[PDB]
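Trainee:
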Amino acid sequence: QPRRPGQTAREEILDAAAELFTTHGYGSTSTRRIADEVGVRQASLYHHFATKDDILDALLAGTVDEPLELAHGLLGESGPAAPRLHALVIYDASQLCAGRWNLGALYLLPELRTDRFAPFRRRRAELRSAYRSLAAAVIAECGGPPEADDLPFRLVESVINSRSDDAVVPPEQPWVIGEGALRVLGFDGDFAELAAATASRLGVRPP
Amino acid sequence: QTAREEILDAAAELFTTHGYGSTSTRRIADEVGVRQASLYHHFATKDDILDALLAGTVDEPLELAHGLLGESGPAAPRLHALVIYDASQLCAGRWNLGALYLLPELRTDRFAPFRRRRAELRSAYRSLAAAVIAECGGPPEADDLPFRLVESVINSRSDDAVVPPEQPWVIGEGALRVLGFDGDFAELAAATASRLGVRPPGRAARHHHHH
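Sequences listed follow chains C and A, in order.
According to the deposited numbering, the first sequence is numbered sequentially starting from 15.
According to the deposited numbering, the second sequence is numbered sequentially starting from 20.
1. Could you tell me whether the Cβ of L73 of chain A comes closer than 9 Å to any Cβ of chain C?
2. Have a look at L34 of chain C and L122 of chain C and give me their C-alpha separation to the nearest angstrom.
3. With a threshold of 16 other CB atoms inside 10 Å of the CB of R114 of chain C, please say whether the residue is buried or exposed.
4. If you compare alpha carbons, which of A:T21, A:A22, A:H61 and A:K65 is closest to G38 of chain A?
5. What residues in its chain sit with their C-beta under 6 Å from that of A150 of chain A, if we drop five residues either side in the sequence?
6. Please list, in chain order, the residues of the segment 37-63 of chain C that have any C-beta partner in chain A closer than 9 Å.
7. Pull out every residue of the segment 117-130 of chain C whose Cβ sits closer than 8 Å to any Cβ of chain A, in chain order.
8. What would DSSP say about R196 of chain A, mapped onto helix, strand or coil?
9. Skipping 5 residues on each side, what residues in its chain have a beta carbon closer than 8 Å to that of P219 of chain A?
10. Quick check on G191 of chain A: does DSSP put it in helix, strand or coil?
11. Going by C-alpha distance, which of C:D68, C:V183, C:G158 and C:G194 is nearest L168 of chain A?
12. Just the Cα atoms here: how many angstroms apart are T42 of chain A and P159 of chain C?
13. At 4 residues or longer, what runs of the alpha helix (DSSP H) sit wholly inside the segment 88-135 of chain A?
14. Given a cut-off of 9 Å, decide if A31 of chain C and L73 of chain C are closer than it, judged by their beta-carbon atoms.
15. Any beta-carbon of chain C closer than 9 Å to the one on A138 of chain A?
16. Measure from the C-beta of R197 of chain C to each C-beta in chain A and report whether the shortest distance is under 9 Å.
17. So the alpha helix (DSSP H) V51 of chain A belongs to, where does it begin and stop?
18. Is it buried or exposed for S92 of chain C, if we count other Cβ within 10 angstroms and need 16 for buried?
19. With a cut-off of 9 Å, does the C-beta of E206 of chain A fall near any C-beta of chain C?
20. With a cut-off of 8 Å, do at least 3 Cβ pairs link the segment 77-84 of chain A to the segment 136-152 of chain A?
21. Leaving out the 5 sequence neighbours to the left and right, which residues in its chain are closer than 8 Å to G40 of chain A when beta-carbon positions are compared?
22. Round the Cβ separation of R137 of chain C and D163 of chain C to the nearest angstrom and send it over; I've been treating them as touching at under 8 Å.
23. Could you tell me whether the Cβ atoms of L102 of chain C and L120 of chain C are closer together than 9 Å?
24. Where does the unbroken alpha helix (DSSP H) through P166 of chain C begin, and where does it stop?
25. Under the three-state reduction of DSSP, which class applies to residue 241 of chain A: helix, strand or coil?
26. Is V78 of chain C close to chain A? Criterion is C-beta to C-beta, closer than 9 Å.
27. Return the CA-CA distance between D202 of chain C and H99 of chain A, expressed in angstroms with no decimal places.
28. Express the C-alpha separation of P166 of chain C and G191 of chain A in angstroms, rounding to a whole number.
29. Give the straight-line distance between the Cα atoms of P184 of chain A and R176 of chain A, rounded to the nearest whole angstrom.
30. At a Cβ threshold of 9 Å, is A162 of chain C touching chain A?
31. Under a CB-based cut-off of 9 Å, is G200 of chain C close to chain A?
32. When the distance is taken between beta carbons, is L28 of chain C closer than 9 Å to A85 of chain C?
33. Apart from the five residues on each side of it in sequence, which residues of its chain come closer than 6 Å, Cβ to Cβ, to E82 of chain A?
34. If the criterion is Cβ atoms closer than 9 Å, does the pair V172 of chain A and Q186 of chain A meet it?
35. Work out the CA separation of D49 of chain A and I104 of chain C for me, nearest whole Å.
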């Protein structure tokens, strides 16, 4: 009887670890409890993830790899920055809000401060740095405040906090973040237009 | 530093850099150099230590927020002043205590009271921000974002060795832009500098402040 139907045995572990790490804690959750939750022998688990840190690593990479693939594409594009940054913010905030578990909450684990997790830190810093380039262009284009260029990234990551506080997360929260991310940079163009352009770039419905 | 303050400082370090569940009262007592049993007469449980640490991150901002809600006059300068004060206090910690807000331990009945307090801070922000929105014809849906921008300093501290002293002010400007405020940020900075008894960045804000 799986946690979710159709889950691979790898996906079941990742799903169980995600629930336990986010709701009980990382250092607190043993690999024995994970294995218990998915109904496998502890020893069999190691053949999918040899260590607990390997489970965390996969969970964390899954929160950044796709956002980063988009961000990298977007930095290579020509044309106006605003829609590009906007597209990124929608995609990335949508994935953090839509995640079954609030994995981003683990970013602040002190375990991530160790050399073991330097590669993840690097990849998350590269996402931050792609946000910042796009935002700096938005700012220069709109004559905005130059020192706001970290803030769109912080607005996107703020959904992690809102998830932690709130049971629900209101319907179209990514778009709400989308708008704020651009207002902080001095953008005051037409937001329904911007929204419609992003929705079709991303293949999703606008508000 | 009192006996009590040394314990709090030692625990803030271990909780934020080693972990909460992972840090024993024995480790804390060892880090300060007192017997574990002496520690209990300041804080009977580890949870009591965490409670005092968490409360020191919200009590004074909440005193400020409560007073500001009682004032008449424009909402924007009031919210601005709260954001600077609060973001500054979160930046000024020796240790990044706001990083502990996401601990699953905080979801227990044991920490309901702290949860309710922080939620009142949040609610105060949203009230001030909903009034800035009404006054400037901004986006009604943005009213949680100034709170979230202030709390983002916790994430900045985690990522960065050096958080610049201008960071609260940067946050202050953003928290107002997301609400549709397009007024005069030098004037605004200078008013808040004044209200708070501090110097702002601006330059023209510093001249406006000296007025």
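Every residue gets a Cβ at the ideal spot worked out from N, C-alpha and C, and that includes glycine.
Mentor: According to the data block:
1. Not an interface residue.
2. Rounded to whole angstroms, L34 of chain C and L122 of chain C show a C-alpha spacing of 16 Å.
3. Exposed, because fewer than 16 other Cβ atoms sit within 10 Å of the Cβ of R114 of chain C.
4. Selected option, being the one with the closest Cα: A:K65.
5. Within the same chain, and ignoring the five residues on either side of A150 of chain A in sequence, the residues whose Cβ sits closer than 6 Å to its Cβ are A94.
6. So the list reads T37, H38, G39, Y40, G41 and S42, given in the order they occur along the chain.
7. Listed in sequence order: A119, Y121, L122, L123, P124, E125 and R127.
8. In the three-state scheme derived from DSSP, where H, G and I count as helix and E and B as strand, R196 of chain A is classed as helix.
9. The beta carbon of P219 of chain A lies closer than 8 Å to those of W188, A208, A209, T211, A212, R225 and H228 in the same chain, with the five residues before and after it left out.
10. In the structure shown, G191 of chain A falls within a helical segment according to DSSP collapsed to helix, strand and coil.
11. For the residues C:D68, C:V183, C:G158 and C:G194, the minimum Cα distance to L168 of chain A belongs to C:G194.
12. Straight-line Cα distance between these residues: approximately 43 Å.
13. Fully enclosed alpha helix (DSSP H) runs of no fewer than 4 residues occupy 94-111 of the segment 88-135 of chain A, in order along the chain.
14. Yes.
15. With respect to chain C, the C-beta atom of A138 of chain A has a partner C-beta closer than 9 Å.
16. By this cut-off, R197 of chain C is an interface position.
17. Counted as a single uninterrupted DSSP element, the alpha helix (DSSP H) harbouring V51 of chain A occupies residues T44 to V51.
18. By the Cβ neighbour-count rule, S92 of chain C is exposed, with fewer than 16 other Cβ atoms within 10 Å of its own.
19. With 9 Å as the cut-off, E206 of chain A does not count as an interface residue toward chain C.
20. Proximity of the segment 77-84 of chain A to the segment 136-152 of chain A meets the contact definition, three or more beta-carbon pairs being nearer than 8 Å.
21. Excluding the 5 residues flanking it on each side, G40 of chain A has same chain C-beta neighbours closer than 8 Å at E124, in chain order.
22. Rounded, the Cβ-Cβ distance is 20 Å, inconsistent with contact.
23. No. Outside cutoff.
24. Segment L165 to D179, the alpha helix (DSSP H) holding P166 of chain C.
25. The question about residue 241 of chain A has no answer, for chain A in this structure spans 20 to 230.
26. So no, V78 of chain C is outside the interface.
27. Distance from the CA of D202 of chain C to the CA of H99 of chain A, rounded to the nearest whole angstrom, comes to 21 Å.
28. Roughly 14 Å between the two C-alpha positions.
29. Counting only the Cα atoms, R176 of chain A lies some 12 Å from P184 of chain A.
30. Closer than 9 Å to some Cβ of chain A, the Cβ of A162 of chain C qualifies, so yes.
31. At a cut-off of 9 Å between beta carbons, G200 of chain C contacts chain A.
32. Taking C-beta atoms as the reference points, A85 of chain C and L28 of chain C fail to come closer than 9 Å.
33. If we look at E82 of chain A and ignore the five residues flanking it on each side, it has no Cβ neighbours.
34. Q186 of chain A is positioned such that its CB atom lies closer than 9 Å to that of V172 of chain A.
35. Looking at the two C-alpha atoms, the distance is approximately 48 Å.
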